[PDB]
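Asks: these chains are from a complex, not moved at all, and more is on the way:
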Amino acid sequence: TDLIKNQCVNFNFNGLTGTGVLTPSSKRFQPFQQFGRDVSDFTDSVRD
């Protein structure tokens, strides 16, 4: 499947579901990190 960007979509990633707007990030992940969260415990960013 493809990646639809810069608009609200329904998403289903490898263990993460919901809706939202997908955009490229500059977040620096570690070699052993899958996804990140905000100060409040909600998904912020996801590794494809």
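Replies: Done, it's in. Numbering: from 1, shown residues only, chains lettered A, B, ... in the order given.

Asks: ranges for the strands of chain A?
Replies: Counting by DSSP state E, chain A has strands at residues A:8-13, A:16-21, A:35-37, A:43-46.

Asks: out of those, which comes closest to residue A:1?
Replies: For residue A:1, the closest of these is strand A:8-13, at 9.2 Å, according to Cβ to Cβ. In short, each C-beta sits where N, CA and C put it, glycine included.

Asks: Pull out the buried residues from that closest one.
Replies: For strand A:8-13, a neighbour-count test (16 or more other Cβ atoms under 10 Å) marks nothing as buried.

Asks: That strand pairs with which strands, parallel or anti?
Replies: Taking DSSP bridges as the criterion, strand A:8-13 sits next to strand A:16-21 (antiparallel) in its sheet.

Asks: The following sequence is to be added as chain B:
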Amino acid sequence: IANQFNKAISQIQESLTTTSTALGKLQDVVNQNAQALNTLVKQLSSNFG
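Replies: Below is chain B, added to the chains above:
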């Protein structure tokens, strides 16, 4: 009188500049507001059983 007035103003400026207690009351209100919001949101993570 004019001299004393002028001096006092300069005095206040330095007093405010080098202190950390001035306007503590305003900071307090802001802090309280933030705490209320932080508490509200944090509890979203509660299972409640």
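
Asks: Could you re-examine the buried residues of strand A:8-13 with chain B now present?
Replies: When neighbours are counted by 16 or more other Cβ atoms under 10 Å in any protein chain shown, no buried residue of strand A:8-13 is found.

Asks: Name the residues that touch it?
Replies: Contact with strand A:8-13 is made by A:17, A:18, A:19, A:20, A:21, A:22, A:46, A:48, as judged by Cβ atoms under 8 Å, 6 or more residues apart in numbering or on different chains.

Asks: Tell me how far the closest residue to the second one other than its chain neighbours lies from residue A:5.
Replies: What that stands for is residue A:18. In space, and not counting its chain neighbours, residue A:18 is closest to residue A:11: 6.4 Å by Cβ to Cβ, 6 or more residues apart in numbering or on different chains. For residue A:11, the distance to residue A:5 equals 11 Å [Cβ to Cβ, to the nearest Å].
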